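One chain comes next, on its own, written out as structure tokens in the form deposited in one PDB entry.
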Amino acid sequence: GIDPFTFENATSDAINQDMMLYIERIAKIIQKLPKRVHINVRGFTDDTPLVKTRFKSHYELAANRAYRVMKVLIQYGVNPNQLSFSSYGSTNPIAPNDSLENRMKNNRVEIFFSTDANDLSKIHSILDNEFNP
């Protein structure tokens, strides 16, 4: 439907050019939404060890990931007032952590919308019109 922001490797919080482009589309969407809609950028990791890395927990890596994406959104014009970030650490995985490929699905940031019922449909249509030909 709409992809989360997937990170290159398991230990990285780096935002590459492709992800920058994707964050820009999402920033563009957020600004057409009703102002009472708020955005929570959620960070997650796989279960890969954090040896050979500066981070002392997956909650840190996940926070850094989410904080970064939110900062790129702010750079594209999204209002700080509509935004927050959350770290979920290694909890709540999307796929099994059995393979490199599935592990990478877990290393992500997700966008949650906070919306009343009457605004929900506007978001739905705005999201459809952006992410379809």
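Under this definition, the rigid core comprises the largest set of C-alpha atoms superposing within 1.5 Å between the forms. In this text, residue numbers run from 1 along the sequence as written.
Another form exists, deposited in another entry; not displayed. Remarks below refer to it.
- A 2 Å or larger CA shift between this form and the one not shown, after fitting on the rigid core, occurs at just one of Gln75, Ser99, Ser57, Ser84, namely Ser99.
- In the core-superposed comparison between this form and the one not shown, the C-alpha atom of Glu110 has shifted by less than 2 angstroms.
- With the core held fixed, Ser125 shows a CA shift of 2 Å or greater between this form and the one not shown.
- Between this form and the other one, the CA-CA gap for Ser86 and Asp116 narrows by 3 Å or more, being smaller in that other deposited form.
- One change in that other deposited form concerns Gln82 and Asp116, whose Cα atoms lie at least 3 Å closer than in this form.
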